[PDB]
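Okay, structure first, notes after.
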Amino acid sequence: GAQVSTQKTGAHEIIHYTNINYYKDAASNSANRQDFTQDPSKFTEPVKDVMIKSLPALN
Amino acid sequence: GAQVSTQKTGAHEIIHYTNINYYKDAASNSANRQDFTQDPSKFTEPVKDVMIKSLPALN
Amino acid sequence: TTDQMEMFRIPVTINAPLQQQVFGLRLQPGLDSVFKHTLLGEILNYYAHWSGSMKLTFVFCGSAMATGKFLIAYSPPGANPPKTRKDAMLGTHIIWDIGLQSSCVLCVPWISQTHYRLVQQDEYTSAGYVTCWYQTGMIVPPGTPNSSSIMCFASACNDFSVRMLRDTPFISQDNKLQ
Amino acid sequence: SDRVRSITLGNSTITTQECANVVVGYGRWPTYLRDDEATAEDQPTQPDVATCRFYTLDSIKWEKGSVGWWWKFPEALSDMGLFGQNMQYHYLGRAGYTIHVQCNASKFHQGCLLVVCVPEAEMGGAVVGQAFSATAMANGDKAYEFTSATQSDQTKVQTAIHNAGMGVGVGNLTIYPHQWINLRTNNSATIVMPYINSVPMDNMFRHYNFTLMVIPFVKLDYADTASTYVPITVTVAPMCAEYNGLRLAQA
Amino acid sequence: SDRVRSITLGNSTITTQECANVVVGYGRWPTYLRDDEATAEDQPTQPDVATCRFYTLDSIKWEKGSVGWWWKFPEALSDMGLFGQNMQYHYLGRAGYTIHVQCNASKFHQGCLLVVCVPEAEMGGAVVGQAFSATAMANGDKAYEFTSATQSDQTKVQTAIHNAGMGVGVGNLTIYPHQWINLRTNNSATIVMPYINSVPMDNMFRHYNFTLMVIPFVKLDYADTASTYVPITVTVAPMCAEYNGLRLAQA
Amino acid sequence: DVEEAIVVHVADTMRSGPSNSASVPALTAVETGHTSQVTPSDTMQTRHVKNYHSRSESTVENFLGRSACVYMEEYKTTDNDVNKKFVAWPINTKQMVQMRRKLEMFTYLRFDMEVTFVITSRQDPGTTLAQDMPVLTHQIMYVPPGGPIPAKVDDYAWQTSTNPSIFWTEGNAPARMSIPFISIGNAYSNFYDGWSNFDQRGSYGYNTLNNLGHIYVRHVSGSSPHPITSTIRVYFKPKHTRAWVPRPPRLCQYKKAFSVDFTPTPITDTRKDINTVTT
Amino acid sequence: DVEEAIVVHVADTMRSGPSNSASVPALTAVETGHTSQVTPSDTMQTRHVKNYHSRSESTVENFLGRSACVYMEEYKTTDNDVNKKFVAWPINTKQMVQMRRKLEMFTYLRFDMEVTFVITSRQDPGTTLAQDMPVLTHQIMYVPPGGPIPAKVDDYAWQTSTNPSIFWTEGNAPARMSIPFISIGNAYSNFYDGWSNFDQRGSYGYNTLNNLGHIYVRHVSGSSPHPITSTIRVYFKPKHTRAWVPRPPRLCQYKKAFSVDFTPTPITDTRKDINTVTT
Ligand SMILES: CCCCCCCCCCCCCCCC(=O)O
Ligand SMILES: CCCCCCCCCCCCCCCC(=O)O
Ligand SMILES: CCCCCCCCCCCCCC(=O)O
Ligand SMILES: CCCCCCCCCCCCCC(=O)O
């Protein structure tokens, strides 16, 4: 019932920490501040036809 | 001696928590607030002969 | 109402204009005075949110020789409640025929923009209206009473649920009981 | 028991507890237009539940001296819900119908009604020759009354009941899809009419597909009761409706 | 060539011969509501071609002194064809939109427009506190004009252009789905907006889903020509529209 | 050996189309005592909907699993009246209205109990208040029925050798404990329609079955030069609950702590007429 | 069974040499609504660089995962005015400017909440202050919408049987709790461009969707001979956050707690001329 996962690097670089949940509600857990996925295409490239950077834009 | 069981869902959806009993009396345990079985037939259908919803009631 | 028991019975008469309203009410199970103290409203008043469909059952308690038809309609939320049967019939409704089976069920569907509604309903979470109208009229033979009564039953369906416990406002005290 | 019937169209339901069987047109159930019979090319619109639902067509009184009434469709529904809007906004239309007539009375009353749907019920004027406007036989959902005596006003149709306004014996209307309401036995009548025409589609304002008639063959009678009249109500539900040719509204 | 585009919705078509690419919302194409996200139980109605078609939203003049305009949707289409009728007759609605803005000028004109769709464009009043009716920011398809100077009338919204009526820098509206009309290069702009809300469906009269804004960043200029103004036209087409909760009309 | 490993959701809505048949789900007869089981799918066309709502928060365990106040009383550290320097409460659940009504929705209950005590102190007003007093200490004593009862703050009975007690010092967390199911019968009874004597005489009602004991409280040895008043609040919290035979919620206001007595009340509020639907 | 076992880095720079070709990465067209994806490697000669920088601290979870004050109020232990001895706050996030602006960078939010309460007390000035008072105790009560509301410090409503509450004693660690996602809709909405009534009338704006309840606070039983004033501060901390539809940060100062009203503000500061680059 114990999760083991790596902890963020620090100066001088067992880089492991242990976590256990004590409460019956998932809202009681600690923040999940270790997800780092991201995708800016939704805001930077919202166009329909794919645009090639090396090619000219309009025609 | 440790029980592992799932905890209720929450926003953003290891959904597991650990429990250990420390006292010798079962009355000291924590509330068992995770049973969700129910059966309303005792109060909604107390009749002797089974009634089919699609059929007419009296005859 | 000088007699409290008169509250439970809805009057009906033999001669009425061709289109006439029997009753009308707001669908606020936890707030409306009609549903406030019923077996469902009392349970709802211990909670803050509710969702699901409802059953309204109507039973005709006239003479065995009496007959008639009624139109019972549910009108979802809107800027104006129906004023005539022509308006009412545009919403969800059922035509009730009185015969050997004394009861008919209007199932109020769950039509809402949000998954849940507040028990202390406000204009944002309105739920609509329910009205009943004469469809054909009540006809009786000689030697029968000229008036009859109907009763209504309210209950929840199998998809009903509540949430967010709270204290009920119906009960209070001013001093410690002794 | 086979004396109970229930019909569910759209968000509306009809229940009858004392009724006869159901009559289905000429044995044909309503259906959508096929690909090998269509002529119009653009995509049809099929509102489905928004239009295929029961509409209650106002009510009338049955007196001891009543002679009969008629309604013309689909004009009777021309201003009823979204069916009327689709009629207004489209050039072409096509739909079948379910007609339900309610009439209930005690066991001590007597009387008999004929309920019949007449396709292409062309009617003649009161004065031979002349002409009449489209208000003498259709003005919305209001019902028009037959007359016992011969009509004399030149501005309206020949309402003589025994000819049914068509120059034919009233007793022979049994050839069309029909049903009887006999107060001893039943209190309702149900007819399902498919779409009948010589072309796949037609304009719903210009052409009257069929006419509904209710005629008391045995006049109402009763004695020593406080009920002076027996109301009659008509309910209609379009089936498998589809439209074509969108344009500016009105028609 | 990729400078030509053609869009076909219902019985209407749009052709542009000098245009930029097409912007699709947040990368999401409009679609119908799924079974595992719905909450309302009764069957929806999907008019399809009857409602999903291009409607032309009146026209305006671009002068040398123009400052900008905005439209609020779906109120702008509240009385347009069968879309308005379905809005009136139903409790709930849901639909995406395709917005096309036309503006053409010769090779000797200059100017630049920003076309942006702002979801939940809540606006503040001219006088802090107070209140305004639902006529200061939406009265049908008519366009409302921004103002260069600070607004003073308490009965209308704060129309100061440089704040966009929302208390934010006008230059940062690039974060929303947007496109530019630069007269040197293109003459149209096309944006496809999916349905964006915090609930699966909502009443189309009570709630403004999004606001369309057209703002001249570089003011129009020309010399020695007989054309005094450059008209601007807006066309909108609902996509994948569906409704629920039939009731008496009006809303 | 080290680790042993231990949702319902409401019913979904099924797609329904047009129908024309002899079956009549909508028509029923309430005379049988049967509640109709029709669903919207049986009277109108519906779409397929997958519900994920659950009735987790409506269980009796969660409904009754909240701490509620059942009694409060005041006692002074020093005073001339001996009876006013300590409290003596016969345990019962009818004193406070809210929890009373929550409990009386069922006829029989069986549960363990969790009791929490909240104690606060304040100095009484007077013409001279300047004093220095160390932290106070309190004792809570539980006396099962038939045991000796103290008659004064410094009686011998406070030397409990078998009665359970708690000593608590101000400034710490509130005291707490657990209590098992201590009824002689197989379940607690909120209502008792009967008498005490076999010839139908004597006490009547629930008062006959209340034999749970007493609770006593005092300041251990605090006796300040100037009076100080302390208040104790008792909170109950059922655990592992089971209930039988539900009954309708009460309508009339409560008037006695050991009786059902009431004053007649209207069924509900009124409105202008049977058609009024506006605000 | 006992132990279950659960970096991104920015893009590197690639070596680029001289080029002479028909491709023109630098030339683009902003009219398409497309933000150019060119990199320095596409317009000048560059060396190979291995970056180890990460965007860990820019995530919305970390950006919004800081406790921020949302409300403070004062209440006195004893006074002549009844309304001034307790607090009653309708929960909302628009009271304090900083967290308000942090939140309003997004249109819709969905998160769990962690609430912390900081309470401090001080004696009011006066001509006579010599008194001895034990440690005070405080109660925090949460009333979901529609529940009964207390009208005075010693009302019956404070006997919560179903409303959650916390009792806290001065000198200990601050109180804290967790709250799930309690919105009726699928997400919280910071902005609402709509009306309350169906005919476009009534309340307008976010004020229509604020139905989160109330919070009440009091001294449990403390009533000192001389007045004492206490202040409570409420801190919110989102957890498990998700956000949609970003919107530009506000430029104008806030002026109302339940409205977007503002006064027009200049776009930015000025400088001597378009060529001025010096300090
Ligand atoms: C109808 C209510 C029945 C519930 C049963 C209540 C039984 C009371 C048990 C606890 C009473 C004594 C608590 C103080 C114990 C201690 O402090 O020593
Ligand atoms: C726009 C902001 C939405 C965020 C949702 C905030 C909901 C507030 C939930 C907590 C309110 C009550 C906290 C006190 C609870 C307790 O002390 O009993
Ligand atoms: C309420 C749970 C309390 C847990 C106390 C700390 C853990 C004690 C057991 C040692 C870790 C083993 C846990 C496990 O078996 O999954
Ligand atoms: C009175 C019991 C105290 C238990 C203290 C916490 C548990 C320590 C041991 C780690 C968990 C293993 C328990 C087990 O072997 O079942």
### Message
I need every pair where a residue in the range G:21-45 that is hydroxyl-bearing (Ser, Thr, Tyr) has its Cβ under 6 Å from the Cβ of a residue that is part of a helix (DSSP H, G or I), sequence separation at least 6 or different chains.
### Response
G:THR35/A:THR44
### Residue check, A:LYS53 within 30 Å of G:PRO25 (Cα to Cα) and touching a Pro at 6+ places or on another chain (Cβ under 9 Å)
yes
### Query
What number of residues within the range E:12-29 satisfy the criterion of being outside any loop (DSSP other than H, G, I, E, B) and surrounded by fewer than 17 Cβ atoms within 10 Å (Cβ to Cβ)?
3
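Looking at the range E:133-141, is at least one residue within 11 Å of chain G (Cβ to nearest Cβ) and in contact with a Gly (Cβ under 7 Å, 6 or more places away or on another chain)?
Checked against the condition, which is being within 11 Å of chain G (Cβ to nearest Cβ) and in contact with a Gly (Cβ under 7 Å, 6 or more places away or on another chain), the range E:133-141 yields no hits at all.
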### Task
Tell me which residues, restricted to the range F:30-48, are over 24 Å from C:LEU44 (Cα atoms) and more than 7 Å from chain B (Cβ to nearest Cβ).
F:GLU31, F:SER41, F:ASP42, F:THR43, F:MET44, F:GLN45, F:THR46, F:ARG47, F:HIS48
### Condition check for G:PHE191: in a loop (DSSP other than H, G, I, E, B), surrounded by 18 or more Cβ atoms within 10 Å (Cβ to Cβ) and touching a helix residue (DSSP H, G or I) at 6+ places or on another chain (Cβ under 8 Å)
yes
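Here is a yes/no grid of residues against (1) among the polar types (S, T, N, Q); (2) under 26 Å from F:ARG242 (Cα atoms); (3) loosely packed, with under 10 Cβ neighbours inside 10 Å:
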residue: B:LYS8; (1), (2), (3): no, yes, no
residue: B:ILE14; (1), (2), (3): no, no, no
residue: B:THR18; (1), (2), (3): yes, yes, no
residue: B:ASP39; (1), (2), (3): no, yes, yes
residue: B:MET51; (1), (2), (3): no, no, no
residue: B:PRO56; (1), (2), (3): no, no, no
residue: B:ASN59; (1), (2), (3): yes, no, yes
### Message
Kindly evaluate D:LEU82 against the criterion of being farther than 28 Å from D:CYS19 by Cβ, in contact with a helix residue (DSSP H, G or I) (Cβ under 7 Å, 6 or more places away or on another chain), of a type in the set (A, V, I, L, M) and within 14 Å of chain C (Cβ to nearest Cβ).
### Response
yes
### Residue count, the range F:203-235 (criterion: within 11 Å of ligand 1 (Cβ to nearest atom) and farther than 30 Å from F:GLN123 by Cβ)
6
### Query
Can you name every residue in the range C:93-132 that is within 14 Å of chain G (Cβ to nearest Cβ) and under 19 Å from C:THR57 (Cα atoms)?
C:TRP110, C:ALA127, C:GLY128, C:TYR129
#### Entry: The listed residue being at the interface with another protein chain (Cβ under 7 Å from one of its Cβ atoms), among the charged types (D, E, K, R) and over 30 Å from C:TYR46 (Cβ atoms), out of F:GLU61, F:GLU57, F:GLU74, F:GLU3
F:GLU3
### All strands (runs of 3 or more DSSP E) inside the range D:163-251 with 1 or more residues being surrounded by 19 or more Cβ atoms within 10 Å (Cβ to Cβ) and among the small types (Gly, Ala, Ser)
D:188-193, D:230-246
### Query
Has the range G:237-245 got any residue that is within 30 Å of G:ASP154 (Cβ to Cβ), within 20 Å of the chain's Cα centre (by Cα) and more than 7 Å from every other protein chain (Cβ to nearest Cβ)?
no
## Note on the structure
Those residues of the range D:33-65 which are surrounded by 22 or more Cβ atoms within 10 Å (Cβ to Cβ) and assigned to a loop (DSSP other than H, G, I, E, B) amount to D:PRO47, D:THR51, D:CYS52, D:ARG53, D:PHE54
### Test: residue in the range B:23-33 that is assigned to a strand (DSSP E or B), within 16 Å of ligand 3 (Cβ to nearest atom) and of a type in the set (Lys, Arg)
no
### Query
Got a sec? Which of G:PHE106, G:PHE111, G:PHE117 is within 30 Å of E:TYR176 (Cα to Cα) and out of contact with any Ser or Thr (no Cβ under 6 Å at 6 or more places or on another chain)?
G:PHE106
### Query
Looking at (1) surrounded by 14 or more Cβ atoms within 10 Å (Cβ to Cβ); (2) away from ligand 1 (no atom under 16 Å from the Cβ), which is the only condition B:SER28 fails?
(2)
### Task
Kindly list the number of the only condition in (1) in a loop (DSSP other than H, G, I, E, B); (2) under 32 Å from the mean Cα position of the chain (by Cα); (3) β-branched (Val, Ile, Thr) that fails for F:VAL24.
(2)
### Query
Before we move on, is G:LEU27 surrounded by fewer than 18 Cβ atoms within 10 Å (Cβ to Cβ), farther than 30 Å from G:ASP155 by Cα and either in contact with a strand residue (DSSP E or B) (Cβ under 6 Å, 6 or more places away or on another chain) or facing chain A (nearest Cβ under 10 Å) (or both)?
yes
### Summary
The correct count of residues that are touching a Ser or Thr at 6+ places or on another chain (Cβ under 8 Å) and more than 10 Å from every other protein chain (Cβ to nearest Cβ) in the range D:205-233 is 4
### Residues located in the range F:125-151, provided they are touching a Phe, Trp or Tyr at 6+ places or on another chain (Cβ under 8 Å) and either of a type in the set (D, E, K, R) or within 14 Å of chain G (Cβ to nearest Cβ) (or both)
F:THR137, F:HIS138
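All Cβ positions, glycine included, derive from the backbone under ideal geometry; neighbour counts span all protein chains shown. Quick note: the coordinates plus some simple rules give every number you see, no bench work behind them.
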